[PDB]
Amino acid sequence: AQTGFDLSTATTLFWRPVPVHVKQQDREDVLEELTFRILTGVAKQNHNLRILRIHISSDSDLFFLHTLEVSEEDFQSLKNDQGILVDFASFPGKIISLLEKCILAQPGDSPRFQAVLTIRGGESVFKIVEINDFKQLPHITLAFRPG
Amino acid sequence: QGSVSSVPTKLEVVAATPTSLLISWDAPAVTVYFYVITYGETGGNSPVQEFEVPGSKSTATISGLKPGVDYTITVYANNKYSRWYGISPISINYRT
């Protein structure tokens, strides 16, 4: 919408399933493998605006799609809401290494990293939490959008 | 330390058509972010084709080859070692 992702000169960073606990309004909770595709690119009218794009889809439902786009300008607001201490240049690697932690996670792990997606119609909230002996601890929280 | 391998292994052709191939390989120890598959004619100096396959997949189909020519097929994995260490590919040559 805002951003203007080029998509024709995008760089692929990550494209694989991730186990996600999906929480829906009027449905029972589901543990399913969702496909994450992470790209970076630039705007179509401004090659100097870097943009991070994340698309969540499933192999079982083709019309299921949730998207997130963070421009480098957007990142400054987001970096202060969550107390993020890395720069935009390194931000995608931190997301990827958290996703990697949830791929490698095992039921008996403690701390155990876990990916969660909650869906309200036209808005979804994605978080990766670390469950330890004392609390569920969010490492990142990201607002997604249908389509 | 076989724990830290990032190169796929035992890349092989499992099925073939005059112009089509089905290749497969075993994943490395590290988590694969996605795979890059490359192919071109084994005779030098004409371009390698490339495409991406998800990190969970272990096979891919290739189209549009010349019958009776050998291609150098290469697979490598994007993974945690991709930022600061070189591309670590496995390669085979296959005819028809």
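Conventions adopted
- Residues numbered from 1 in each chain as written, not as in the entry; some residues may be left out.
- Chains lettered and ligands numbered in written order.
- Heavy atoms only, no water.
- Helix = DSSP H or I, 4+ residues; strand = E, 2+ residues; numbered from the N terminus.
- Rg over C-alpha atoms; globule rule 2.2 N^0.38 Å.
- Contact = heavy atoms within 4.5 Å.
- Buried < 20%, exposed > 50% of the residue type's maximum accessible area, 1.4 Å probe, protein only.
- Pairing = 2+ DSSP bridges.

- X-ray crystallography is the method the PDB entry lists for this structure, together with a resolution of 2.05 Å.

## Topic: the overall build of chain B
Alright, step 1. Scanning chain B for helices and strands turns up zero helices and seven strands.
Alright, step 2. For chain B, the N- to C-terminal ordering of α and β elements is β-β-β-β-β-β-β.
Alright, step 3. Since a compact globule built from 96 residues should have a radius of gyration of about 12 Å, the 14 Å found for chain B is in line with a globular shape.
Alright, step 4. Taken over the C-alpha atoms alone, chain B extends approximately 40 × 25 × 20 Å along its principal axes.
Alright, step 5. Pairs at least 24 apart in sequence give 58% of the contacts found in chain B among residues at least 6 apart.

## What to know about the pairing of strand β5 (residues 112–119) of chain A
Every regular strand shows the same layout, with side chains that alternate between the two sheet faces.
Residue and element names in this part refer to chain A.
Alright, step 1. With respect to burial, β5 is a largely interior element, six of its eight residues being buried.
Alright, step 2. Sheet topology note: the strand β1 (residues 11–24)/β5 ladder contains five bridges and is parallel. What sits directly across from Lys-23, in β5, is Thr-118.

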